[PDB]
Amino acid sequence: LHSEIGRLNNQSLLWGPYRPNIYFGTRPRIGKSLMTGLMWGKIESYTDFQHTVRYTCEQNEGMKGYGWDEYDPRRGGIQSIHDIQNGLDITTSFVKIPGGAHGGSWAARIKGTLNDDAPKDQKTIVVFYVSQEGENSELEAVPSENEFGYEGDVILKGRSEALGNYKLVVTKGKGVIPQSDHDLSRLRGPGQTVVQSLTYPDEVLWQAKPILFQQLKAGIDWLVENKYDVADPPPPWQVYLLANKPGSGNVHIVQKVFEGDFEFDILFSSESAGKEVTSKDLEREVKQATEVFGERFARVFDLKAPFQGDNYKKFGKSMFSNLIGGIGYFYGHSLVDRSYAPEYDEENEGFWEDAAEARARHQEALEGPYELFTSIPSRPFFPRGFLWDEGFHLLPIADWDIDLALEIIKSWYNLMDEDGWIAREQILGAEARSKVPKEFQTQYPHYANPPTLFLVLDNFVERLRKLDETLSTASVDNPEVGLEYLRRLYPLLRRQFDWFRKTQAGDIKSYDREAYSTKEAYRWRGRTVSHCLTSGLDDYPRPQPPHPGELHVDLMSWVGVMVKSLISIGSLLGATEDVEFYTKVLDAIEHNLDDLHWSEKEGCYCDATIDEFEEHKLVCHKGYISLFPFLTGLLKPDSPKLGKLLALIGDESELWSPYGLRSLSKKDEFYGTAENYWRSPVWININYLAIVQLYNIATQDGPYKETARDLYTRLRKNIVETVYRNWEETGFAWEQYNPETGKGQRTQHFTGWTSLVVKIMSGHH
Ligand SMILES: COCCCCCCCCCN1C[C@H](O)[C@@H](O)[C@H](O)[C@H]1CO
């Protein structure tokens, strides 16, 4: 029944619009298979279309905004795109229709409406691009009846081992098709839907834009060769309309030109399912998905006061739908330096120069292929898996669909190597690499990232202790299924725990250091003079200079998180020998947090280093790092230390801004310096941890119950209102928020952990 829920999950999740790096496209969760993507652009001249055409996600002045209004990867959703450059409001609806043995069928409607500013007679070129990777597979456009192209629907018939037999239809659509009265129309037709069927080596099929443009370019060269010239030139839209040549191939380009508003459907029919999908099915299934989305949201994300209003509901739906709508499937090789050069041990003073020397050996090589099914922080800027981000992403997603979240956790853990390492940043395949300067592709087996995926596991454990409907909660509702999941995952968690303690160990013994335990002390590897990228808090101030004797209190707290999880999970699996070891580790971290990291003088936790005179010194920089044992749930609710931490949190002159907690205190010497990334701005992920911890203390007997209640109430409100106000005014989630002005800044479309706001509004932690 665990093998069974698994198969049912696989079949349900197989198809999706799982290409968030592009405006709209589909692919199944199979490395080498059938992919689609949409392109569009206005054409006003002989040279403009190359600049107007849209394919991969971006954000600039030419794009008002875009995103998912509604989304559930089992059912589908509706995306809306507000394109200024192209004077178009576009809607792409996607729906899955279960049936057969190959993961079912799906349909999409593409709808374009010119905005008020666009010329009423705008010509827009629209391309549906279809590619198929695999050695023993086939795809063929059924030729037209007409001589120059298609009056009606374009049918592609194809087959592969993975998908069996299928048909993909691009429907005729609705809208004016311009007609050219030029001489060229005698050889090219007056204007109609066209299809080119081509083949390239599999590994380049993702390059849809260059491949399209190469075909457009060949058509223009034919014009020149055949005496079509500036003395009497065809209209632009006809110059850029491909000559029809349907056939067999692994690439099929379907092109339409419309004048004014337009729409057309894409109908994927899995043959093994029986009756093929129609446009009427699409409409019915689209209405039904919306109804189901609506019912689930109201239930799962029941927004509490003072955010019960309709405005907050629309806001929460946008934030949530963009988070879960970012889910992608990525496949291909990763770039990894497997030299384990000794310079990477960072055991000496000045280690960063040595590590630079090793990296300059460039021993990195491609390995894999790997796959990953994950949500992402940023469609336009970094559409790929980041390890500690995903832990936050899955917190609202798990509420919605725990089986989906567990599927993503599993996907991430399947990347763990033999030592216990998962690369913190997952750049899988040439397509993912295209978006990443080469200097930034290499992953390093000594670089960690916070184990926030344990927080998701913690939530599932609590739920376990206490057809698409059934599927989403099968792993909690059948306790047998849940436990088997944990049983199979558990050794990997254990392995990652051991990996942290082996590779990210700090040095107690070599120095004049005294502490309850000789073992518990941690130091993030990979730090440079101005950064610590592995911790997640890029440029938060750390001991200067970096030093092999540094200890990082956030890292110790994360190990605290993992060991607590391993206690709950080990206990469920009856790993008595394991649970006893974990229990002594936790006790030791509890003591060493105080012994190595507590500053009585400052009233907070601090990272530690080793002096010019070889002595332990605390280095205090009041901000998120200072709060870490509190943020990660490690302190007792009557701890006097927790009480001082609450004072720091609520202190307006330190961390407390009207817009949320500042990443660094206004009193710190490093406040608003350098790139000022984590040196003052309000970040939603850390604020979320604070809010959740305040609520815990607020809902429990103790001396700080009422302080916590007040801070909970205000912080929740301040964070939610800041994200809402910015969303209302800009249409975006932002990466971080200015604590002086309240403005969203850095990158837009950050959904992304900013989307945690849905769960903050929902409350009842
Ligand atoms: C150098 O430039 C070339 C590469 C550019 C792309 C860099 C990837 C963007 C990272 C964004 N972001 C920075 C946060 O401090 C991290 O905590 C967070 O995990 C990460 C992902 O959301």
Side-chain angles (χ1 to χ4, degrees), residues 20-21 56-59 322-323 326-328 330 334-335 356 359 364 372 374-395 397 412 422-428 431-437 440-444 447-453 455-456 524 526-528 530-542 552 554-555 557-558 623-625 628 631-632 661-664 670 674-689 732-737 744-756:
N21 59 306
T56 64
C57 289
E58 305 169 323
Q59 182 57 52
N322 277 134
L323 173 65
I327 285 168
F330 305 86
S334 173
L335 181 66
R359 299 195 296 277
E364 59 269 7
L372 177 67
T374 186
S375 69
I376 60 171
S378 185
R379 286 176 71 192
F381 298 115
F382 29 98
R384 55 180 168 285
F386 285 73
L387 178 52
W388 90 303
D389 294 54
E390 193 65 16
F392 294 106
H393 295 162
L394 295 176
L395 256 13
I397 287 184
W412 269 95
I422 303 176
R424 75 173 182 80
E425 187 175 351
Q426 288 293 337
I427 309 171
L428 265 30
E431 185 190 24
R433 275 192 302 280
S434 68
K435 275 284 274 261
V436 181
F440 296 107
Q441 298 174 359
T442 304
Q443 303 305 300
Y444 295 89
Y447 286 4
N449 216 31
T452 51
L453 288 162
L455 298 182
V456 194
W524 296 103
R527 87 161 287 243
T528 60
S530 284
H531 293 95
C532 180
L533 297 187
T534 57
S535 65
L537 293 91
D538 296 18
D539 68 344
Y540 194 95
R542 295 286 189 174
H552 308 301
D554 56 320
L555 181 37
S557 309
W558 282 122
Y624 293 165
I625 290 305
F628 247 73
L631 299 175
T632 50
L661 311 176
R662 299 182 196 90
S663 49
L664 196 56
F670 289 107
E675 301 166 290
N676 186 39
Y677 200 25
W678 293 81
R679 304 189 163 185
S680 67
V682 169
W683 291 83
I684 305 303
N685 63 332
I686 304 301
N687 277 266
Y688 176 90
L689 295 178
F732 304 121
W734 294 82
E735 189 176 347
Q736 62 174 36
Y737 295 82
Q745 62 182 31
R746 305 307 284 233
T747 64
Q748 316 103 307
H749 290 94
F750 193 78
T751 59
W753 57 51
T754 295
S755 283
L756 284 166

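Each ligand, and each atom within it, is numbered from 1 in the order the structure gives. All heavy atoms count here, side chains included; hydrogens, waters and symmetry mates do not. For the single chain, residues carry numbers from 1 onward in sequence order.
Listed by number with element, the atoms of ligand 1 under 4.0 Å from a non-hydrogen atom of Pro377 are 22 (O). Applying the 4.0 Å criterion to heavy atoms of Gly536 picks out, from ligand 1, the atoms 14 (C), 15 (O), 16 (C), 17 (O). Atoms of ligand 1 lying under 4.0 Å from any heavy atom of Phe382, numbered from 1 in the order shown and given with element: 9 (C), 11 (C), 22 (O). Short contacts between ligand 1 and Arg384, defined as distances under 4.0 Å to a heavy atom of the residue, involve ligand atoms 6 (C). Each of the following atoms of ligand 1 lies closer than 4.0 Å to a heavy atom of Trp678: 15 (O), 17 (O).
Between the side chain of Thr632 and the backbone N or O of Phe628, at least one donor-acceptor pair lies under 3.5 Å. For the pair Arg527 (side chain) and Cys532 (backbone), a donor-acceptor distance under 3.5 Å is absent. Side-chain N or O atoms of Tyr624 include one that pairs as donor or acceptor with a backbone N or O of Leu661 at under 3.5 Å. Side chain of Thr754 to main chain of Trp734: a donor-acceptor pair is present (N/O by atom type, distance under 3.5 Å, no hydrogens or angles). At least one donor-acceptor pair under 3.5 Å links the side chain of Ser663 to the backbone N or O of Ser680. Looking at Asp539, its side chain does come within 3.5 Å of a backbone N or O of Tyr677 through a donor-acceptor pair.
Among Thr534, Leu387, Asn685, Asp389, the residue whose heavy atom sits closest to atom 21 (C) of ligand 1 is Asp389. Among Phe440, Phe750, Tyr677, the residue whose heavy atom lies nearest to atom 2 (O) of ligand 1 is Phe440. Heavy-atom proximity to atom 8 (C) of ligand 1, evaluated over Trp388, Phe386, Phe392, is greatest for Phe386.
In this structure, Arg746 does not count as a contact residue of ligand 1, since none of its heavy atoms falls inside 4.0 Å of the ligand.
Here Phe381 has no heavy atoms under 4.0 Å from ligand 1, in either its backbone or its side chain. When heavy-atom distances to ligand 1 are checked against a 4.0 Å cut-off, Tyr540 has no atom that comes that close, whether in backbone or side chain.
For the residue pair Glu390 / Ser375, a side-chain donor-acceptor distance below 3.5 Å is found, with atom types taken as modelled.
Exactly one of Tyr540, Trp678, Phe750, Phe392 qualifies for a ring pair (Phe, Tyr, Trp, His ring centres under 6.0 Å) with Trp683. That residue is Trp678.
The shortest N or O to N or O distance between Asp538 and ligand 1 is below 3.5 Å.
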